[PDB]
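Notes to accompany the following structure.
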Amino acid sequence: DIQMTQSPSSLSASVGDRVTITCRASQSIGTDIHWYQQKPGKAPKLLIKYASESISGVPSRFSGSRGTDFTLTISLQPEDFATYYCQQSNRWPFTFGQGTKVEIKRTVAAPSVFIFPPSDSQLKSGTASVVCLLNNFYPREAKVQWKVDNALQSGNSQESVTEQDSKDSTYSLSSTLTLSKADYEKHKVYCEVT
Amino acid sequence: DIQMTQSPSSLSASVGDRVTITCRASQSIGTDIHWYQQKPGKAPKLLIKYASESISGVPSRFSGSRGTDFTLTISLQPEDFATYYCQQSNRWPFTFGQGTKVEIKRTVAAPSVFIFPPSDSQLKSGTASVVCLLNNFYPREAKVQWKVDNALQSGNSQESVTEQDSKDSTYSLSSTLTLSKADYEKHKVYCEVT
Amino acid sequence: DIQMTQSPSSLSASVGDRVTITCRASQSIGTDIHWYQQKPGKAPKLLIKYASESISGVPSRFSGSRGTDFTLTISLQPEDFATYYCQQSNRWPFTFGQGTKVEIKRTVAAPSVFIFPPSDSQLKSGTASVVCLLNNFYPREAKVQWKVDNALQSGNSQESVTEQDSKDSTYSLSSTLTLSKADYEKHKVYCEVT
Amino acid sequence: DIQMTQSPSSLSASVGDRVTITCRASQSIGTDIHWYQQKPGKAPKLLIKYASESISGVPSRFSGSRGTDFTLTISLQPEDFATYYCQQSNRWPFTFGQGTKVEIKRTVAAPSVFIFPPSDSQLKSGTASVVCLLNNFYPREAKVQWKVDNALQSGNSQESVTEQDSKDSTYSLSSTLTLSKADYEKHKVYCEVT
Amino acid sequence: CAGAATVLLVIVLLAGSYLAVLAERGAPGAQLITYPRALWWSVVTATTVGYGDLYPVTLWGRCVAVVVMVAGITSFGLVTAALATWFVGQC
Amino acid sequence: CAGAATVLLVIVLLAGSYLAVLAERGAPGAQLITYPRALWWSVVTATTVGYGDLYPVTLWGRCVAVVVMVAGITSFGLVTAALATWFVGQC
Amino acid sequence: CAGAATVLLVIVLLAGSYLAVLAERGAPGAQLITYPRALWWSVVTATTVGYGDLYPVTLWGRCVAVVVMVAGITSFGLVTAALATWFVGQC
Amino acid sequence: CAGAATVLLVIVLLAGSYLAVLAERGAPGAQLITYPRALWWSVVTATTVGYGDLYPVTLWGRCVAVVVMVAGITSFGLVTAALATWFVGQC
Amino acid sequence: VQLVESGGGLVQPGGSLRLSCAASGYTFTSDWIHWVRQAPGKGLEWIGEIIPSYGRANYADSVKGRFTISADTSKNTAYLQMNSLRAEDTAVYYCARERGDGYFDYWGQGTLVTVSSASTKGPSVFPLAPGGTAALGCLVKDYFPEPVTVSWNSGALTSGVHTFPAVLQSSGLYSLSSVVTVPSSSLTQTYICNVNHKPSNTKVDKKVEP
Amino acid sequence: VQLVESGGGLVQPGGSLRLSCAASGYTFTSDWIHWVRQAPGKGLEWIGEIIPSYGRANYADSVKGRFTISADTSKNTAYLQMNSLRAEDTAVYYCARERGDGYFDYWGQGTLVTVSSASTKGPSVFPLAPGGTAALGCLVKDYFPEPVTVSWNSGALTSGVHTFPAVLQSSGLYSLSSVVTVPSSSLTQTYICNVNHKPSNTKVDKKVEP
Amino acid sequence: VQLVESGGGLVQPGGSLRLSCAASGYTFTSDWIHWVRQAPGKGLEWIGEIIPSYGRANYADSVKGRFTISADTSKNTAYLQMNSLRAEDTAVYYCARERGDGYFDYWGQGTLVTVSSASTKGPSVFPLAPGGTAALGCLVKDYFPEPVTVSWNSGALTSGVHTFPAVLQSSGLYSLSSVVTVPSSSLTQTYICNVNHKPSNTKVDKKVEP
Amino acid sequence: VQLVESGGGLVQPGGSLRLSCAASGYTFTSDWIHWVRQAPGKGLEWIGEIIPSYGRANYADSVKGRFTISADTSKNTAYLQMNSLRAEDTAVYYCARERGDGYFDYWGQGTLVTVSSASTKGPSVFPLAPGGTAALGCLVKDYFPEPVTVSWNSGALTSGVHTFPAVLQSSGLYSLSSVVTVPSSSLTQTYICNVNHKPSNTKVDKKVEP
Ligand SMILES: [Ba+2]
């Protein structure tokens with residue numbers, strides 16, 4: 001079938017920089033390529049039609065050009081952290097590219113931390129999930145361990161990272177440490193992030 | 001000329017599994033490809049015409065789709081042990097693919113054995129063909145040797161394996177050991193299969 | 001331009017055998033290819049027109065077929081030792097292939113030998129060209145040396161090999177040994193071929 | 001887009017020789033290729049239109065021919081030291097090749113030399129640029145050093161080479177040695193070229 | 001009279017463009033699968049010009065194409081003789 | 001009168017489709033080698049539309065093609081003027 | 001009368017050649033982007049011959065192409081019937 | 001009367017086939033460079049069918065092609081109306 | 001001219017679901033509704049299209065003739081009948097309007113369809129109670145399947161809120177962790193996290209005092 | 001509308017055979033009969049085609065102008081004249097109907113054509129006589145060429161029967177081995193293996209008591 | 001039918017300049033003026049084209065919609081409005097006539113456009129004073145930007161003159177070195193090098209006696 | 001309908017020769033005469049073509065506009081004007097008829113054109129005099145250039161004759177060696193080798209007794 005090869009998967013370009021995204025069609029698809037912004041969790045939003053034509057509402061920073069190599073070019077803003085998508089209409093059926101995650105780059109920003117002990121309402125029912133929060137940091141890369149009575153925990157340490165604030169372009173993290181209420185009652189002292 | 005490259009030659013897929021077969025044309029043949037079941041020894045039986053269209057009588061498990069890559073897909077039954085064949089009609093002359101042997105997979109089944117001494121009607125005329133039978137086994141792989149007075153025979157040991165039962169999908173085997181009626185009269189004790 | 005790649009340059013096939021010759025066009029030239037026999041020294045003789053059509057007079061052993069691969073096929077005779085040639089007419093301008101020397105194969109045949117001393121009419125005018133003849137041999141491969149008073153000559157030993165008899169398909173050879181009439185008068189004894 | 005690949009970048013062919021220049025188009029551009037002479041510093045001058053057609057005024061030595069491989073051929077003069085350029089018009093937009101510097105070849109010719117001390121008008125204002133001239137030499141390759149009181153200078157030695165005389169096809173060079181008027185007053189003796 | 005012809009042509013065109021695109025989706029590699037380009041297709045057809053950029057690969061498509069020709073060629077041909085006479089009658 | 005034309009056209013079509021496919025087999029890489037697609041070929045022809053998907057590579061084919069044009073163009077042209085007058089005479 | 005037709009045709013041709021080339025530049029890979037070859041294009045069109053070397057990829061182009069057909073087919077068709085009658089009336 | 005037309009057409013055909021092949025040699029990659037295939041070319045042309053196998057790449061060629069259309073389209077069109085009336089007048 | 005989707009949650013492997021896409025907009029004679037799919041952390045997959053006008057609807061050999069697409073023109077809706085489901089089909093499912101032109105001007109909201117043999121459950125929901133801007137949150141523990149909805153104050157509060165991704169507990173049961181960043185002067189202000197699960201018809205609300 | 005083939009067995013290398021394909025069915029004006037070939041343990045090879053209506057028939061440069069194809073429309077049959085045979089041509093030969101459409105709706109049964117200089121012979125046929133389901137068979141020894149036909153009881157019996165592939169004896173002479181699986185209560189039942197060889201006009205029948 | 005260009009010298013990175021191309025020749029209804037570019041020691045780059053007649057003008061994604069092209073038909077001139085300049089745009093800028101045919105029959109002279117944040121300056125100009133043919137020259141020291149014009153005797157002298165390439169002083173300031181080869185009998189003849197810099201409106205002339 | 005060629009032998013590098021191709025046959029209105037070339041021990045090279053009717057004649061960029069092709073229709077001949085020759089052009093030169101169809105039905109005989117600065121010379125011609133079939137021959141020593149013609153008995157004898165290839169003597173001068181195989185009863189029979197060199201207008205004949 002017709003293969004839109006988007007290039008490249010990921011972009012770490014700094015804000016205000018110029019950013020470009022490439023859709024090599026397998027064959028001449030004419031000018032029948034369309035760009036789509038799909039923000040984390042929302043539905044796609046057609047950014048470019050017929051390779052170059054723009055839609056009412058889409059910012060002026062967004063333009064598309066050209067052989068079988070099609071391009072979408074950002075002259076870059078915080079709202080623009082998205083995956084960008086590429087759509088054939090030359091031949092049946094329609095086809096998308098793999099898509100390109102842009103990720104915004106900015107100056108380092110160590111996080112806020114808020115440790116959270118397990119709810120009494122929980123503690124009665126066997127486990128003790130302990131929480132530890134990492135607010136609005138940059139970059140992604142962060143290491144949070146657990147110790148108890150200064151004996152390091154690898155048991156049951158479970159991380160989750162958010163999608164970048166659409167203005168901040170920041171990462172918040174949350175690490176749980178689920179324990180047996182037995183292991184929780186034994187030593188009751190609680191996250192030395194790095 | 002136009003080269004239908006079928007893929008792959010052989011399939012050992014288990015029954016009820018989903019099975020697919022690929023015919024890469026050398027060039028765009030349009031939609032002018034036809035699939036044919038040819039069962040061991042019988043004549044071909046057109047399964048698909050014009051890439052996707054089905055013929056009256058062919059089961060609903062059989063469907064064909066699509067670029068230059070054409071496919072025949074089995075969603076698999078015991079009657080289906082066959083070789084499958086692929087036929088161009090875009091350009092003169094017509095062309096077939098190499099064809100794909102499907103072979104059914106099922107649970108292990110050690111064989112029945114029936115040793116057969118050489119007929120008196122034979123024995124008078126020089127040789128003594130001794131037979132040994134291996135009924136309805138799975139898999140193919142089986143080893144049958146000959147000993148006589150416990151001295152192992154490699155002389156004149158001749159195997160033949162049947163085509164899989166079209167319901168059982170089983171293999172029967174038969175190994176002859178042709179001997180001089182001289183060598184047969186010397187030691188008259190007769191197949192320890194493995 | 002359009003590149004007729006003939007295959008292969010040389011053929012040593014035995015007489016009566018079947019022989020084929022291939023003209024891969026660089027692109028589809030339609031059916032616009034022509035075969036030409038050009039015998040050593042004579043002018044080309046169109047053998048096939050429009051890939052398959054034959055000309056009045058050309059033997060029935062000569063036929064041509066076919067994609068971009070064009071073929072000339074000999075089902076082989078002694079008169080057929082030639083170079084065979086291949087001609088495009090699809091696009092301007094016309095093009096030939098490199099051409100294919102056929103050479104006939106037959107049973108070994110040691111040559112006749114006739115040594116020839118230098119003419120008196122010559123001997124008066126400085127040099128003494130001495131000749132040695134090798135009639136109707138097969139194969140080509142032959143080694144003829146010169147000795148004089150049993151001291152081997154490499155000085156001024158000059159070979160020439162004929163084109164194969166168009167019935168015999170045989171090779172005759174002639175080796176000259178030009179000498180100073182001085183070196184000729186010193187030792188007057190004269191070719192031990194192998 | 002359409003890629004005119006000119007071949008080769010540079011030519012050192014001797015004068016009167018035959019010289020050729022190649023423009024491989026990425027695809028068939030029809031016959032829609034044009035050659036342009038652009039002499040050092042002046043504007044391009046269309047030499048060939050439509051691959052083969054010549055323009056009024058252009059010498060008879062200039063001709064262009066041909067598949068996707070287009071050629072410009074010089075049968076060579078001193079006025080011809082230029083870069084030559086190659087222009088598509090088959091598809092929008094227009095395209096040039098990288099271009100080919102020709103450089104004329106001729107017999108060796110050691111240069112004239114004229115050393116130049118720093119102007120009094122200069123000397124008052126801090127630096128002392130000392131000059132050394134190399135007139136109408138061949139080839140390019142020349143090495144000019146500086147010594148002062150026979151201690152070799154690498155400090156602040158700055159070369160410039162001219163474009164070949166359009167008749168002479170010769171190279172003149174000029175090397176400056178800018179100095180502190182302090183370092184100039186210390187040792188006042190001044191270029192042993194090679 | 002003639003307005004009938006133009007519209008009638010325009011109608012056929014809109015019809016055949018519609019139908020061919022409808023008849024042509026679902027067929028892997030069908031070219032003739034958006035109305036805009038179906039429309040261009042439908043035009044190049046009824047003019048008996050017929051350039052080869054675009055055509056139906058499907059059967060039903062080609063039957064669309066047939067109707068389009070018969071209907072279109074006539075309904076177009078009507079507008080051609082209309083502008084000849086008009087050119088003729090004046091001059 | 002006109003039914004004569006339609007059929008006569010349809011006949012020619014069936015004839016030329018038949019013949020071209022017959023004339024075209026045996027030639028390596030002939031496209032125009034099954035009646036269905038010979039039929040489409042034969043249509044695109046007599047309409048003087050002529051799209052370039054399909055054509056005879058053979059000589060005999062092209063002579064089929066010739067007969068098809070002469071016969072077809074006329075027999076088709078007959079059906080076109082028939083539906084013009086009908087459109088004309090009413091309105 | 002007929003000279004009107006020839007010129008009128010020639011005019012349309014020069015117009016459509018002009019326009020298509022104008023409408024077609026700027027579109028990456030447009031073929032129909034020089035007057036000479038726009039002119040050939042414009043001819044092959046109004047003759048309802050239509051060979052497929054060249055065509056508008058742009059929208060505006062295709063609308064040029066449309067006008068060209070309507071205008072051209074008629075203005076050409078005028079010159080064809082002119083040389084038929086002339087052939088007819090004499091013989 | 002009509003025989004005049006057929007021949008006159010056949011003439012034009014033989015002429016244009018001749019000329020195009022003559023006009024087309026010398027141009028690297030010209031397709032339209034042997035009379036047989038020039039002849040087929042010349043036919044597919046005057047029928048306003050125009051399939052795209054073959055065409056002039058040269059200028060002079062295309063001017064051959066022009067003359068061929070004008071002359072051919074008319075001289076062919078003459079034979080078409082001849083076989084319509086004959087079909088008409090009888091039935 | 002927006003698009004409103006409905007149906008879709010958990011199904012037995014080999015089972016069937018029907019998804020909906022309501023007109024809610026000036027819709028023409030001849031719009032194709034399409035259906036596009038997004039596997040968890042994957043690109044998009046065109047699946048299906050349909051004219052309501054003539055009811056003809058083409059599929060993808062990946063959904064083969066496993067799915068059907070229906071068009072009730074009276075309700076001005078198109079549907080996605082879903083037979084023979086596989087673990088692969090685990091994904092989120094957008095419809096889209098395409099006006100015969102070849103791009104998607106409008107889109108449905110997207111629903112999640114989860115294919116598994118491990119059955120349903122519900123959320124535990126433990127408070128995470130709390131200087132300046134302090135933070136407070138609430139777990140939503142041991143869930144299946146992913147549609148999980150959390151706003152604070154029936155929606156009212158939105159700021160400094162980081163409602164986290166869902167983690168696959170080693171057990172097999174989506175628990176998550178909602179978070180808010182607020183000023184410490186607020187304790188004096190009502191804080192409650194509303195946890196809706198249309199699948200398990202939940203509406204849990206927990207109160208977060210220190 | 002079935003197809004019935006005839007002729008074909010053993011030929012001298014360089015010899016000639018004529019194969020037949022009888023109509024036996026509603027056959028139209030314009031069907032091409034084709035000829036397709038299967039070498040021992042090989043794929044299929046399109047060879048030839050023919051309209052009976054006009055008698056024109058195209059070949060394959062592999063059968064070059066070595067074979068001819070004939071069409072007696074009165075007998076409603078098409079034929080395959082076979083000159084200049086080679087060891088390669090050793091194969092089985094199907095005709096097929098193709099209604100100008102480009103696939104093979106119906107097929108002839110297939111005959112075997114064997115090309116060799118080693119001449120004919122016939123079968124020896126030794127009984128293999130015999131708990132529950134016991135087995136009994138019968139050899140068919142030292143044959144040439146492969147068409148070998150074995151049924152039990154003039155055909156009557158079919159079950160548990162494994163009539164084996166043919167082996168090339170080191171001598172050069174097809175022997176095989178027919179087998180049946182039957183219940184041991186049967187000895188009390190008549191068991192006879194019918195060995196037909198149209199090539200060597202054989203009809204051997206052997207009786208298998210213990 | 002020649003072409004005359006004007007404007008163009010130094011601009012702030014992100015600034016704007018307007019370049020000119022005056023008709024000066026029998027110019028037709030429908031000529032495209034094009035704009036071609038040459039980076040320092042680089043090939044040519046097609047940029048832009050325009051019909052004056054209808055004012056439509058296509059660009060290159062390298063000059064994107066960064067540049068505009070204008071056509072005052074009354075002045076018979078076409079222009080090159082230059083927004084959003086980059087260090088890349090540092091280059092020399094030819095217009096060209098193309099009569100709808102696809103090659104460039106005529107060309108403008110070429111002006112240099114220099115893009116930098118380092119501001120302007122002017123030339124020092126030190127004499128290089130001087131057997132047969134002796135040589136004399138004159139420096140032109142510490143300049144910015146490159147357009148630098150030197151003739152001898154208001155132009156009069158041209159022979160044996162090697163006016164050298166410009167070197168980038170380690171400081172950042174174009175100095176060059178003009179040279180003449182003359183006969184030594186001339187000292188008795190007036191020698192003066194005229195150094196024009198339209199950018200820094202200079203007209204320096206220095207006298208070279210020994 | 002044969003073709004007769006004339007001219008062609010030795011030329012100075014950069015010199016000129018004119019080759020001829022006379023009709024000698026029913027020749028039509030519109031035949032192209034072509035010119036084809038064979039370098040010593042090399043394939044063929046299409047060079048040129050011409051209609052006599054309109055006199056238009058296309059060349060090969062290898063013969064560029066170095067050669068011209070002429071057509072005197074009154075003499076029914078076409079010619080090959082040969083300017084600017086190179087050592088490469090050393091070759092043999094066939095004309096050919098092609099009836100607008102694209103193959104060469106008839107051919108001229110072929111003449112040799114030799115390009116060199118080393119001037120002409122002539123043959124020495126030494127007898128090689130001589131059981132059964134004995135052999136006798138005759139050298140033809142130290143020649144230039146290659147056209148060398150040898151028959152025995154003004155042509156009469158042809159059998160057992162091996163007239164050898166030409167060798168390049170280390171000197172630079174074609175000598176060869178004619179040979180005949182005859183019966184020894186013949187010495188009693190007249191044996192003379194006729195050595196013609198149109199280039200050096202030779203007609204040497206030598207008598208071979210023992
Ligand atoms: Ba047409």
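By convention here, the chains of the structure tokens are called A, B, ... in the order presented, each chain's residues are numbered starting at 1, and ligands are numbered starting at 1 in the order presented.
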
Exercise for the section: List all protein, DNA and RNA residues that have at least one atom no more than 10 Å from any atom of ligand 1, counting only C-alpha atoms and all ligand atoms, and write them as number ranges by chain. Expected result: E: 44-45, 47-52; F: 44-45, 47-52; G: 44-45, 47-52; H: 44-45, 47-52

Exercise for the section: Write out as a PyMOL selection string the residues lying within 8 Å of stretch 134-148 of chain J, counting only C-alpha atoms and excluding same-chain residues fewer than 3 positions away. Expected result: (chain B and resi 114) or (chain J and resi 9-10+112+114+119-131+166+169+172-184+193+195-199+206+208)

Exercise for the section: With a distance cut-off of 12 Å and only C-alpha atoms, select the neighbouring residues of residue F:27, excluding the residue or stretch itself and same-chain residues fewer than 3 positions from it, and output the selection as a PyMOL selection string. Expected result: (chain B and resi 1+91-94) or (chain C and resi 30-31+50-52+65-67) or (chain F and resi 20-24+30-33+56-61) or (chain J and resi 57-61)

Exercise for the section: Using only C-alpha atoms, find the residues of chain G whose closest atom to chain E is at most 12 Å away, then write them as a ChimeraX atom specification. Expected result: /G:1-6,8-9,41-82

Practice task
Could you check how far atom CA of residue D:184 sits from atom CA of residue D:161, in Å to one decimal?
Solution key: 25.4 Å

Practice task
Show which residues sit within 10 Å of residue D:79, as a PyMOL selection string. Count only C-alpha atoms, and ignore same-chain residues fewer than 4 positions away.
Solution key: chain D and resi 39+104+164-169

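DSSP, applied to the backbone of this structure, assigns helix (DSSP H, G or I) to the following residues of stretch 17-51 of chain G: residues 17, 18, 19, 20, 21, 22, 23, 24, 35, 36, 37, 38, 39, 40, 41, 42, 43, 44, 45 and 46 of chain G.
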
Would you write out those residues with N, CA, C and O atoms, as a PDB file, in the first residue's frame?
ATOM      1  N   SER G  17      -2.701  28.789 -23.747  1.00  0.00           N
ATOM      2  CA  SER G  17      -1.263  28.469 -23.618  1.00  0.00           C
ATOM      3  C   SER G  17      -0.674  29.415 -22.564  1.00  0.00           C
ATOM      4  O   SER G  17      -0.094  28.960 -21.545  1.00  0.00           O
ATOM      5  N   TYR G  18      -0.844  30.705 -22.808  1.00  0.00           N
ATOM      6  CA  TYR G  18      -0.438  31.787 -21.884  1.00  0.00           C
ATOM      7  C   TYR G  18      -0.870  31.402 -20.468  1.00  0.00           C
ATOM      8  O   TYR G  18      -0.006  31.167 -19.569  1.00  0.00           O
ATOM      9  N   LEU G  19      -2.185  31.306 -20.298  1.00  0.00           N
ATOM     10  CA  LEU G  19      -2.823  31.183 -18.964  1.00  0.00           C
ATOM     11  C   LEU G  19      -2.338  29.921 -18.252  1.00  0.00           C
ATOM     12  O   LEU G  19      -1.828  30.043 -17.132  1.00  0.00           O
ATOM     13  N   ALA G  20      -2.449  28.762 -18.891  1.00  0.00           N
ATOM     14  CA  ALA G  20      -2.064  27.487 -18.256  1.00  0.00           C
ATOM     15  C   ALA G  20      -0.634  27.627 -17.726  1.00  0.00           C
ATOM     16  O   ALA G  20      -0.376  27.236 -16.576  1.00  0.00           O
ATOM     17  N   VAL G  21       0.272  28.168 -18.536  1.00  0.00           N
ATOM     18  CA  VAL G  21       1.697  28.263 -18.115  1.00  0.00           C
ATOM     19  C   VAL G  21       1.794  29.167 -16.903  1.00  0.00           C
ATOM     20  O   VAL G  21       2.491  28.797 -15.929  1.00  0.00           O
ATOM     21  N   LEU G  22       1.062  30.271 -16.973  1.00  0.00           N
ATOM     22  CA  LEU G  22       0.906  31.218 -15.844  1.00  0.00           C
ATOM     23  C   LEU G  22       0.276  30.492 -14.637  1.00  0.00           C
ATOM     24  O   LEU G  22       0.895  30.504 -13.539  1.00  0.00           O
ATOM     25  N   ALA G  23      -0.840  29.791 -14.840  1.00  0.00           N
ATOM     26  CA  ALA G  23      -1.558  29.070 -13.754  1.00  0.00           C
ATOM     27  C   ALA G  23      -0.699  27.947 -13.181  1.00  0.00           C
ATOM     28  O   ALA G  23      -0.983  27.539 -12.023  1.00  0.00           O
ATOM     29  N   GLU G  24       0.284  27.467 -13.947  1.00  0.00           N
ATOM     30  CA  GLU G  24       0.957  26.202 -13.606  1.00  0.00           C
ATOM     31  C   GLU G  24       2.287  26.500 -12.929  1.00  0.00           C
ATOM     32  O   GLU G  24       2.735  25.614 -12.159  1.00  0.00           O
ATOM     33  N   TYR G  35       5.518  28.310 -22.561  1.00  0.00           N
ATOM     34  CA  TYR G  35       4.498  28.628 -23.589  1.00  0.00           C
ATOM     35  C   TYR G  35       4.575  27.647 -24.746  1.00  0.00           C
ATOM     36  O   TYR G  35       3.545  27.110 -25.170  1.00  0.00           O
ATOM     37  N   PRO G  36       5.785  27.407 -25.299  1.00  0.00           N
ATOM     38  CA  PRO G  36       5.927  26.453 -26.388  1.00  0.00           C
ATOM     39  C   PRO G  36       5.134  25.172 -26.118  1.00  0.00           C
ATOM     40  O   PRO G  36       4.346  24.698 -26.949  1.00  0.00           O
ATOM     41  N   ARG G  37       5.413  24.601 -24.952  1.00  0.00           N
ATOM     42  CA  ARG G  37       4.851  23.286 -24.623  1.00  0.00           C
ATOM     43  C   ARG G  37       3.439  23.515 -24.105  1.00  0.00           C
ATOM     44  O   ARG G  37       2.581  22.644 -24.350  1.00  0.00           O
ATOM     45  N   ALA G  38       3.162  24.672 -23.513  1.00  0.00           N
ATOM     46  CA  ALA G  38       1.751  25.027 -23.232  1.00  0.00           C
ATOM     47  C   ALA G  38       0.978  25.079 -24.553  1.00  0.00           C
ATOM     48  O   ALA G  38      -0.206  24.676 -24.605  1.00  0.00           O
ATOM     49  N   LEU G  39       1.619  25.601 -25.592  1.00  0.00           N
ATOM     50  CA  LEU G  39       0.939  25.737 -26.897  1.00  0.00           C
ATOM     51  C   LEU G  39       0.591  24.350 -27.437  1.00  0.00           C
ATOM     52  O   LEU G  39      -0.563  24.132 -27.848  1.00  0.00           O
ATOM     53  N   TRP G  40       1.553  23.442 -27.404  1.00  0.00           N
ATOM     54  CA  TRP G  40       1.312  22.070 -27.894  1.00  0.00           C
ATOM     55  C   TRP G  40       0.163  21.451 -27.114  1.00  0.00           C
ATOM     56  O   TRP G  40      -0.824  20.984 -27.745  1.00  0.00           O
ATOM     57  N   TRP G  41       0.300  21.457 -25.794  1.00  0.00           N
ATOM     58  CA  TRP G  41      -0.810  21.118 -24.873  1.00  0.00           C
ATOM     59  C   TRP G  41      -2.162  21.670 -25.362  1.00  0.00           C
ATOM     60  O   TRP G  41      -3.109  20.885 -25.580  1.00  0.00           O
ATOM     61  N   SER G  42      -2.227  22.978 -25.608  1.00  0.00           N
ATOM     62  CA  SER G  42      -3.500  23.673 -25.919  1.00  0.00           C
ATOM     63  C   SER G  42      -4.066  23.103 -27.225  1.00  0.00           C
ATOM     64  O   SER G  42      -5.306  23.039 -27.382  1.00  0.00           O
ATOM     65  N   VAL G  43      -3.189  22.680 -28.128  1.00  0.00           N
ATOM     66  CA  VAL G  43      -3.613  22.169 -29.462  1.00  0.00           C
ATOM     67  C   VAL G  43      -4.244  20.795 -29.288  1.00  0.00           C
ATOM     68  O   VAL G  43      -5.436  20.630 -29.685  1.00  0.00           O
ATOM     69  N   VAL G  44      -3.423  19.865 -28.781  1.00  0.00           N
ATOM     70  CA  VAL G  44      -3.775  18.444 -28.528  1.00  0.00           C
ATOM     71  C   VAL G  44      -5.124  18.443 -27.791  1.00  0.00           C
ATOM     72  O   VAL G  44      -5.939  17.521 -27.989  1.00  0.00           O
ATOM     73  N   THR G  45      -5.409  19.507 -27.042  1.00  0.00           N
ATOM     74  CA  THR G  45      -6.691  19.652 -26.318  1.00  0.00           C
ATOM     75  C   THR G  45      -7.858  19.939 -27.260  1.00  0.00           C
ATOM     76  O   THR G  45      -8.778  19.092 -27.319  1.00  0.00           O
ATOM     77  N   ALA G  46      -7.882  21.108 -27.899  1.00  0.00           N
ATOM     78  CA  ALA G  46      -9.084  21.565 -28.639  1.00  0.00           C
ATOM     79  C   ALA G  46      -9.426  20.573 -29.757  1.00  0.00           C
ATOM     80  O   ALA G  46     -10.598  20.533 -30.181  1.00  0.00           O
TER      81      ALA G  46
END
